[PDB]
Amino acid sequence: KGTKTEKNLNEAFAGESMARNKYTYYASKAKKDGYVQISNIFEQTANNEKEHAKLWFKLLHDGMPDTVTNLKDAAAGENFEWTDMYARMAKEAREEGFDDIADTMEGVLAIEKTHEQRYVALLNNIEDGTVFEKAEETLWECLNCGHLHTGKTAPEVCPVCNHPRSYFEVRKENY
């Protein structure tokens, strides 16, 4: 929009998200310190700030975009994390003596790249129509009840809990 409110909403979206994080950590510390009600108040306040940022976020994007656009924005944001920000952050820390901090910025840098690879893989499934369909028969699992359906395609409706198509994912047994 090129308007001062546009930059204000960006500054308002930040900080409001920083307040959410700060109050989530304070809730965990207050519980360890022996204050359960204070912990709940920190977390109810953390949820209040979560909803304030949603107002500014929905104004900067004219509502809430669809999952295809959301995956495209997240993949571009995570790519910026490990190619620009966390990279440049590590060099400036090493030029000042913060070796240890620089090594931490790079372990987090390696994680954001795995976030983009995951995000691009999910976006490719929507564009290729392979979200609920495989080129070879697989094992599907229902996130609602756990019903297993072997098939080249996912069921339209789960035959147990009657939940729709969205609740089916490729079952993994990583143990």
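When you see a residue number, it is the position in the sequence shown, counting from 1.
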{"query": "Higher-scoring stretch by recorded Cα B factor average, 139 to 147 or 36 to 44", "finding": "139 to 147"}
{"query": "Maximum C-alpha temperature factor, selected from 59, 27, 53, 110", "finding": "59"}
{"query": "Modelled-residue ranking by C-alpha temperature factor, third containing residue 131", "finding": "highest"}
{"query": "Ranked C-alpha temperature factor of residue 72 among modelled chain residues, by third", "finding": "lowest"}
{"query": "Chain thirds of CA B-factor: placement of residue 22", "finding": "lowest"}
{"query": "Residue 161, C-alpha B-factor rank within chain (lowest, middle or highest third)", "finding": "lowest"}
{"query": "Lowest, middle or highest third - CA B-factor, residue 103", "finding": "lowest"}
